[PDB]
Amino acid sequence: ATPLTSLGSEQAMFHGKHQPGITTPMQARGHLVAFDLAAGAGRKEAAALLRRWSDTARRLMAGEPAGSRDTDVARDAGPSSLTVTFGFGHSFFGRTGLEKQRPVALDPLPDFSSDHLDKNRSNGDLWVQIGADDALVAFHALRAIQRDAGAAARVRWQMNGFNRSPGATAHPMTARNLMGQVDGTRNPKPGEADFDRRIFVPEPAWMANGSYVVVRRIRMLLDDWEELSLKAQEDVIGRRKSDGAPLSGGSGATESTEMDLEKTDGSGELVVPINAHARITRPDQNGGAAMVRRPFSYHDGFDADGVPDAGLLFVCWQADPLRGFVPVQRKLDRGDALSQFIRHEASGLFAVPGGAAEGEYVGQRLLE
């Protein structure tokens, strides 16, 4: 019996080989933020900021207040699986005299033909991912990180997201997105032999045990999507909406049943379409290209014509974007059945170092 109090009492590790928020389970509430360093903030001011943030992360993740004038917003809650994760944009390095430590992996993402990117709401010197299963715990951490920046950095953009809550379902199971799809079945998992090689930089040296995140604010064209038949929607993905099983499966097939990419109709046509999203994204269709996807859904209102500003805050993790996000998205751009129903409207690519050790701050190897 998992008690209801688990939601609040569950606590994620701040200190680790890897920073939290990568392999951490899905969280109900998410806030992504980018900061740009102030004019005249250099290496010294950035190091001080990262120390402040790391101290704040550490305290909050353990359910402790920030300091004396902590706002009390998270008071009485448990840690609620709070995680805070820090990353560095390509632009950070030129602001701090660290151009020679800028990883080749931060080279800008391609200009994909399907891009519709608000560049103000994209990129940034610094990125912070906050997640928790309690909205006050999450907001408290966002506000404390944002206040820590003070005048030394400014908020460039900031997006809010959500997922299913713990306990929403009778048993824990893969999440859904706002298209109503089972979303998360085929991620690489810790314990798989190639997981570390796929996801983490091995033990420039400041990125040891780090990962590269790609964030994409992807609007779902729900007004078009929701006029489609079940067949049409399922053909876009290649998996069933009911349980996430491959379309190649029978009634007995489940979410775990392997996809049969050769199966055909009586009539000769492939049961899993040739441009289905869950076919064409697989590592075995992309020379081994792989990523961990760990997103939040978003809804930020309606425009004048009733169009919802709703979608997926797509967040993926990889040891090298050129063996993950980039080749896959090159294929998806025009080659994916899903592309017609979505719009990439903001993006970022950030270097996320290893977890801090006792006494350390996140990114200390880089800044020291």
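A residue's number is simply how far along the shown sequence it sits, counting from 1.
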Count, per the entry, the deposited residues between residue 76 and residue 77 that are not modelled, and return the matching class: none, 1 to 3, 4 to 9, or 10 or more.
-> none
Of 211 to 219 and 240 to 248, which one has the bigger average CA B-factor?
-> 240 to 248
Should the higher mean CA B-factor in the entry be assigned to 98 to 106 or to 116 to 124?
-> 98 to 106
Say you rank 182, 291, 151, 142 by Cα B-factor from the PDB entry; which sits at the top?
-> 151
Of 260, 134, 72, 226, which one's C-alpha B factor is largest in the deposited record?
-> 260
Would you please rank residue 68 by its C-alpha temperature factor against the other modelled residues of its chain and give the third it falls in: lowest, middle or highest?
-> highest
Place residue 29 in the lowest, middle or highest third of its chain's C-alpha B-factors, as listed in the PDB entry.
-> lowest
Third of the chain, ranked by Cα B-factor, where residue 254 sits | highest
Here the Cα B-factor of residue 309, set against its chain, lands in the third termed lowest
Ranked against its chain, the third holding the CA B-factor of residue 48 = middle
